[PDB]
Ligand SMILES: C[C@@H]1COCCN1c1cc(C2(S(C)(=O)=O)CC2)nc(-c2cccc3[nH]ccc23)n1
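The chain below stands alone and is given in structure tokens; this is the form deposited without this ligand.
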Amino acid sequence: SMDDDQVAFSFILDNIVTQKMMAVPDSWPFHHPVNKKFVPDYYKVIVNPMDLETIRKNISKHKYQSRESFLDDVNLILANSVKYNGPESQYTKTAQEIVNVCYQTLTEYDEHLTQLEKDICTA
């Protein structure tokens, strides 16, 4: 893209993913789409899969103009884990830690992200 406000917004989101979310201990199973060779029934159970690589690909294509659409996809990782792995699964706890570091970092960056969202919107 050529709009610096959008590029900057996407860059901030990408670093939330790589610096914070992917740093959660044992988070690797959420870094990429579920591998059907190891989890053979995953895509028969989960209608709308989501993972951090897919989110990063969306960021690289500037598909998030607001934090809410980005957070919606992050939240879907957890919701899918509740459904597939179970509400109390070790994997679900890890997914919630991923969500928590994302949500809390977005809160940290609130003033800066608000400014970018309004400058992406005006254009």
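Position 1 is the first residue in the sequence shown; the rest follow in order.
As for the form deposited with this ligand bound, it is not shown, yet the points below apply to it.
When this ligand is superposed onto this form from its pose in the deposited complex, three or more of its atoms come within 2.4 Å of a backbone or C-beta atom, and the site is therefore classed as blocked. In the deposited complex, this ligand lies farther than 4.5 Å from every heavy atom of residue 70. When this ligand is considered in the deposited complex, residue 32 lines it closely, a heavy atom lying within 4.5 Å.
Residue 79 falls outside the set of residues with a heavy atom inside 4.5 Å of this ligand in the deposited complex.
Contact between residue 64 and this ligand in the deposited complex is not found at the 4.5 Å heavy atom cutoff. Residues 9, 105 and 109 are none of them found to lie within 4.5 Å of this ligand in the deposited complex, as judged by heavy atom distances.
Applying a 4.5 Å heavy atom cutoff to this ligand in the deposited complex picks out 84, 85 from 65-86, in order along the sequence.
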